[PDB]
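Undergrad: Please find one structure pasted underneath; my questions will follow.
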Amino acid sequence: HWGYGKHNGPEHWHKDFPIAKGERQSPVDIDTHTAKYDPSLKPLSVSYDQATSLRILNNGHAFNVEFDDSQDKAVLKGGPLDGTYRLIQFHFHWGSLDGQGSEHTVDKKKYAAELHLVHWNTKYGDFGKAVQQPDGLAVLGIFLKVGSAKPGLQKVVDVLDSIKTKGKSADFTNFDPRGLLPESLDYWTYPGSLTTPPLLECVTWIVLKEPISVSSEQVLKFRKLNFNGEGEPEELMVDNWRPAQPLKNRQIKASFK
Ligand SMILES: [Zn+2]
């Protein structure tokens, strides 16, 4: 029964998931002056032209846009990664107010939201096996700020009324995740974890420097979702973000000077 409330939020997770106090937890603050440029890091290769989106699901903590990951259709490679990582789903974390919502921070700055494109390492065969490995996942994190609308987000925003409550799903085919990417693929990278229970330490994080802009109307639609099921007391799905965790024995690397 973990969540984001006063009685079950991030400060309680360690009781059920002791790895919450582990050595490589996420998110973290990205101190830009202390990140080190690593000239040997390769450009990212984001290959989403053949992506097959299938469905959108309200899982009670976020909404996931799910993809067919039974072939190499939408893959992430390069950068810090060895091998090929398949896109399984993306989701967001967002705030009740524009001044909070992101999980990672940049020099302590919080963005309005954060997009996570979740990929798993094909050498492990399936997602459930991948999360048990220290190099199992690669998550592309993209910050959202409020300003101009993001046209490529609109199809997502418009279906949210159909998945208001926990356990609702809707068909969501032919969505192109390339419309959620900023111009630049400059990034920071570090080893970390899932940011929701089970908090497994299986993620190579790749956090883009350049945020995307979304409109106030778009983020407001996020905030109309519900954490609860239909016919349960309504609680708005907002502030579904875990705060920054200690960096411990990790160095954040930058792909750019
Ligand atoms: Zn996430």
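To be explicit about the labels: the chains of the structure tokens are called A, B, and onward in the order shown, and within each one the residues are counted from 1, while ligands get numbers from 1 in the order they are shown.
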Contacts of segment 115-123 of chain A at 6 Å or less, counting only C-alpha atoms, minus same-chain residues fewer than 2 places along, as a PyMOL selection string?
TA: chain A and resi 84-92+125+127+136-142
Undergrad: Quick one: everything within 10 Å of residue 34 of chain A, counting only C-alpha atoms, minus sequence neighbours fewer than 2 positions away in the same chain. Send it as a list in words.
TA: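 The residues satisfying every condition are residues 30, 31, 32, 36, 37, 107, 251, 252, 253 and 254 of chain A.
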Undergrad: I'd like to know which residues of segment 21-228 of chain A are strand (DSSP E or B) (by DSSP, run on the backbone); could you write them as a PyMOL selection string?
TA: chain A and resi 29-30+36-37+44-47+53-58+63-67+75-78+85-94+105-106+109+113-121+137-146+169-171+187-192+203-208+212-214+226
Undergrad: With only C-alpha atoms as the basis for distance, which of A:172, A:22, A:126, A:159 is at the shortest distance from residue 71 of chain A?
TA: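 Once distances to residue 71 of chain A are computed over only C-alpha atoms, the minimum belongs to A:126.
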Undergrad: Excluding same-chain residues fewer than 5 positions from residue 9 of chain A, what lies within 10 Å of it counting only C-alpha atoms, as number ranges by chain?
TA: A: 1-4, 240-242
Undergrad: Could you write out that same residue set with N, CA, C and O atoms as an mmCIF file, in the first residue's frame?
TA:
data_model
loop_
_atom_site.group_PDB
_atom_site.id
_atom_site.type_symbol
_atom_site.label_atom_id
_atom_site.label_comp_id
_atom_site.auth_asym_id
_atom_site.auth_seq_id
_atom_site.Cartn_x
_atom_site.Cartn_y
_atom_site.Cartn_z
ATOM 1 N N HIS A 1 0.788 -1.277 0.000
ATOM 2 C CA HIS A 1 0.000 0.000 0.000
ATOM 3 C C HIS A 1 0.803 1.303 0.000
ATOM 4 O O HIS A 1 0.367 2.337 0.476
ATOM 5 N N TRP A 2 1.960 1.257 -0.621
ATOM 6 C CA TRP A 2 2.761 2.458 -0.856
ATOM 7 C C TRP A 2 2.048 3.433 -1.790
ATOM 8 O O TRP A 2 1.250 3.045 -2.609
ATOM 9 N N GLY A 3 2.359 4.701 -1.620
ATOM 10 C CA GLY A 3 1.849 5.745 -2.506
ATOM 11 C C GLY A 3 2.623 7.016 -2.275
ATOM 12 O O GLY A 3 3.825 6.999 -1.998
ATOM 13 N N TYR A 4 1.918 8.144 -2.364
ATOM 14 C CA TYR A 4 2.533 9.448 -2.265
ATOM 15 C C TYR A 4 1.849 10.297 -1.195
ATOM 16 O O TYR A 4 2.040 11.539 -1.144
ATOM 17 N N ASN A 240 3.181 12.899 -7.622
ATOM 18 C CA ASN A 240 3.568 11.506 -7.689
ATOM 19 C C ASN A 240 5.071 11.370 -7.982
ATOM 20 O O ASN A 240 5.460 10.584 -8.853
ATOM 21 N N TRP A 241 5.885 12.123 -7.264
ATOM 22 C CA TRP A 241 7.322 12.170 -7.446
ATOM 23 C C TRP A 241 8.019 11.816 -6.149
ATOM 24 O O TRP A 241 7.585 12.216 -5.058
ATOM 25 N N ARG A 242 9.104 11.059 -6.278
ATOM 26 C CA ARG A 242 10.010 10.785 -5.190
ATOM 27 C C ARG A 242 11.067 11.901 -5.154
ATOM 28 O O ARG A 242 11.577 12.275 -6.194
#
Undergrad: Within segment 43-230 of chain A, find each residue whose DSSP state, derived from the backbone, is alpha helix (DSSP H), and express the selection as a PyMOL selection string.
TA: chain A and resi 127-130+154-159+216-222
Undergrad: Residues near residue 158 of chain A, anyone? I mean within 12 Å using only C-alpha atoms, not counting same-chain ones fewer than 2 positions away, as a PDB file with N, CA, C and O atoms, in the first residue's frame.
TA:
ATOM      1  N   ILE A  56      -2.770   2.631 -23.073  1.00  0.00           N
ATOM      2  CA  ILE A  56      -2.468   3.542 -21.966  1.00  0.00           C
ATOM      3  C   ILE A  56      -3.225   3.042 -20.768  1.00  0.00           C
ATOM      4  O   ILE A  56      -4.390   2.691 -20.857  1.00  0.00           O
ATOM      5  N   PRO A 151       3.020  19.871 -29.080  1.00  0.00           N
ATOM      6  CA  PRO A 151       1.997  19.220 -29.927  1.00  0.00           C
ATOM      7  C   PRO A 151       1.995  17.694 -29.864  1.00  0.00           C
ATOM      8  O   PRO A 151       0.922  17.084 -29.844  1.00  0.00           O
ATOM      9  N   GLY A 152       3.177  17.124 -29.747  1.00  0.00           N
ATOM     10  CA  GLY A 152       3.307  15.679 -29.702  1.00  0.00           C
ATOM     11  C   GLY A 152       2.790  15.044 -28.423  1.00  0.00           C
ATOM     12  O   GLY A 152       2.695  13.813 -28.339  1.00  0.00           O
ATOM     13  N   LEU A 153       2.468  15.844 -27.397  1.00  0.00           N
ATOM     14  CA  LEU A 153       1.846  15.363 -26.184  1.00  0.00           C
ATOM     15  C   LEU A 153       0.349  15.327 -26.232  1.00  0.00           C
ATOM     16  O   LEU A 153      -0.305  14.715 -25.396  1.00  0.00           O
ATOM     17  N   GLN A 154      -0.259  16.075 -27.168  1.00  0.00           N
ATOM     18  CA  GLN A 154      -1.686  16.280 -27.112  1.00  0.00           C
ATOM     19  C   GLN A 154      -2.514  15.015 -27.187  1.00  0.00           C
ATOM     20  O   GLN A 154      -3.521  14.910 -26.509  1.00  0.00           O
ATOM     21  N   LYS A 155      -2.084  14.036 -28.003  1.00  0.00           N
ATOM     22  CA  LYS A 155      -2.845  12.813 -28.103  1.00  0.00           C
ATOM     23  C   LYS A 155      -2.917  12.095 -26.747  1.00  0.00           C
ATOM     24  O   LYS A 155      -3.895  11.448 -26.412  1.00  0.00           O
ATOM     25  N   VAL A 156      -1.817  12.182 -25.978  1.00  0.00           N
ATOM     26  CA  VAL A 156      -1.831  11.615 -24.635  1.00  0.00           C
ATOM     27  C   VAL A 156      -2.808  12.344 -23.739  1.00  0.00           C
ATOM     28  O   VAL A 156      -3.680  11.749 -23.094  1.00  0.00           O
ATOM     29  N   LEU A 160      -6.760  11.048 -21.520  1.00  0.00           N
ATOM     30  CA  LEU A 160      -6.707  10.891 -20.083  1.00  0.00           C
ATOM     31  C   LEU A 160      -8.087  10.810 -19.421  1.00  0.00           C
ATOM     32  O   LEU A 160      -8.263  10.127 -18.429  1.00  0.00           O
ATOM     33  N   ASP A 161      -9.072  11.463 -20.019  1.00  0.00           N
ATOM     34  CA  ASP A 161     -10.465  11.356 -19.548  1.00  0.00           C
ATOM     35  C   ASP A 161     -10.992   9.950 -19.578  1.00  0.00           C
ATOM     36  O   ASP A 161     -11.873   9.616 -18.765  1.00  0.00           O
ATOM     37  N   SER A 162     -10.466   9.119 -20.438  1.00  0.00           N
ATOM     38  CA  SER A 162     -10.900   7.729 -20.551  1.00  0.00           C
ATOM     39  C   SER A 162     -10.243   6.785 -19.534  1.00  0.00           C
ATOM     40  O   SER A 162     -10.633   5.630 -19.398  1.00  0.00           O
ATOM     41  N   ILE A 163      -9.195   7.266 -18.824  1.00  0.00           N
ATOM     42  CA  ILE A 163      -8.461   6.455 -17.863  1.00  0.00           C
ATOM     43  C   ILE A 163      -8.321   7.211 -16.548  1.00  0.00           C
ATOM     44  O   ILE A 163      -7.269   7.204 -15.901  1.00  0.00           O
ATOM     45  N   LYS A 164      -9.414   7.849 -16.111  1.00  0.00           N
ATOM     46  CA  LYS A 164      -9.348   8.722 -14.991  1.00  0.00           C
ATOM     47  C   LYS A 164      -8.892   8.050 -13.738  1.00  0.00           C
ATOM     48  O   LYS A 164      -8.165   8.615 -12.908  1.00  0.00           O
ATOM     49  N   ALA A 170      -6.999   2.055 -21.978  1.00  0.00           N
ATOM     50  CA  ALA A 170      -7.581   2.392 -23.267  1.00  0.00           C
ATOM     51  C   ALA A 170      -6.634   2.029 -24.370  1.00  0.00           C
ATOM     52  O   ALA A 170      -5.425   2.099 -24.203  1.00  0.00           O
ATOM     53  N   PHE A 172      -4.320   2.573 -27.400  1.00  0.00           N
ATOM     54  CA  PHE A 172      -3.499   3.733 -27.669  1.00  0.00           C
ATOM     55  C   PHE A 172      -2.462   3.395 -28.688  1.00  0.00           C
ATOM     56  O   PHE A 172      -1.295   3.340 -28.419  1.00  0.00           O
ATOM     57  N   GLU A 217      -2.481  24.174 -19.969  1.00  0.00           N
ATOM     58  CA  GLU A 217      -3.646  23.366 -20.183  1.00  0.00           C
ATOM     59  C   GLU A 217      -3.286  21.869 -20.200  1.00  0.00           C
ATOM     60  O   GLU A 217      -4.027  21.006 -19.711  1.00  0.00           O
ATOM     61  N   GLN A 218      -2.130  21.552 -20.808  1.00  0.00           N
ATOM     62  CA  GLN A 218      -1.694  20.158 -20.848  1.00  0.00           C
ATOM     63  C   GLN A 218      -1.391  19.593 -19.465  1.00  0.00           C
ATOM     64  O   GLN A 218      -1.869  18.527 -19.097  1.00  0.00           O
ATOM     65  N   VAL A 219      -0.651  20.351 -18.635  1.00  0.00           N
ATOM     66  CA  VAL A 219      -0.326  19.829 -17.297  1.00  0.00           C
ATOM     67  C   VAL A 219      -1.566  19.780 -16.429  1.00  0.00           C
ATOM     68  O   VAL A 219      -1.721  18.909 -15.589  1.00  0.00           O
ATOM     69  N   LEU A 220      -2.479  20.747 -16.581  1.00  0.00           N
ATOM     70  CA  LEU A 220      -3.722  20.719 -15.839  1.00  0.00           C
ATOM     71  C   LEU A 220      -4.502  19.438 -16.083  1.00  0.00           C
ATOM     72  O   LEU A 220      -5.147  18.914 -15.158  1.00  0.00           O
ATOM     73  N   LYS A 221      -4.472  18.905 -17.304  1.00  0.00           N
ATOM     74  CA  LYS A 221      -5.117  17.637 -17.621  1.00  0.00           C
ATOM     75  C   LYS A 221      -4.482  16.463 -16.893  1.00  0.00           C
ATOM     76  O   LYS A 221      -5.156  15.638 -16.477  1.00  0.00           O
ATOM     77  N   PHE A 222      -3.176  16.488 -16.726  1.00  0.00           N
ATOM     78  CA  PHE A 222      -2.502  15.469 -15.876  1.00  0.00           C
ATOM     79  C   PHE A 222      -3.114  15.445 -14.471  1.00  0.00           C
ATOM     80  O   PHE A 222      -3.288  14.423 -13.909  1.00  0.00           O
ATOM     81  N   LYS A 224      -5.946  16.153 -13.371  1.00  0.00           N
ATOM     82  CA  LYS A 224      -7.351  15.692 -13.238  1.00  0.00           C
ATOM     83  C   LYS A 224      -7.466  14.218 -13.085  1.00  0.00           C
ATOM     84  O   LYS A 224      -8.561  13.708 -12.763  1.00  0.00           O
ATOM     85  N   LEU A 225      -6.359  13.503 -13.302  1.00  0.00           N
ATOM     86  CA  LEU A 225      -6.360  12.060 -13.044  1.00  0.00           C
ATOM     87  C   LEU A 225      -6.574  11.763 -11.552  1.00  0.00           C
ATOM     88  O   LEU A 225      -6.419  12.643 -10.692  1.00  0.00           O
TER      89      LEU A 225
END
Undergrad: Counting only C-alpha atoms and all ligand atoms, which of A:231, A:147, A:101, A:177 gets nearest to ligand 1?
TA: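 Distance minimum relative to ligand 1 lands on A:101.
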Undergrad: Just checking: using only C-alpha atoms and all ligand atoms, which residue out of A:208, A:202, A:28, A:62 ends up closest to ligand 1?
TA: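 Checking each of A:208, A:202, A:28, A:62 against ligand 1, counting only C-alpha atoms and all ligand atoms, the winner is A:62.
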Undergrad: Go through A:68, A:29, A:103, A:230 and flag the residue nearest ligand 1, using only C-alpha atoms and all ligand atoms for the distances.
TA: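 For ligand 1, the nearest of the candidates is A:103.
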Undergrad: Taking only C-alpha atoms and all ligand atoms into account, name the residue in A:194, A:237, A:206, A:247 that is nearest to ligand 1.
TA: A:194
Undergrad: Distance atom CA of residue 43 of chain A-atom CA of residue 186 of chain A, one decimal place?
TA: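 The value is 7.9 Å.
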Undergrad: One number please: atom CA of residue 24 of chain A to atom CA of residue 193 of chain A, in Å, one decimal.
TA: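 Computed distance, atom CA of residue 24 of chain A to atom CA of residue 193 of chain A, equals 6.3 Å.
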Undergrad: Counting only C-alpha atoms and all ligand atoms, which of A:185, A:41, A:203, A:35 gets nearest to ligand 1?
TA: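 The closest residue to ligand 1 is A:203.
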Undergrad: Quick one: everything within 9 Å of residue 81 of chain A, counting only C-alpha atoms, minus sequence neighbours fewer than 5 positions away in the same chain. Send it as number ranges by chain.
TA: A: 42, 44, 76, 135, 138, 204
Undergrad: Excluding same-chain residues fewer than 2 positions from residue 52 of chain A, what lies within 8 Å of it counting only C-alpha atoms, as a PyMOL selection string?
TA: chain A and resi 50+54+67-68+73-74+173-175
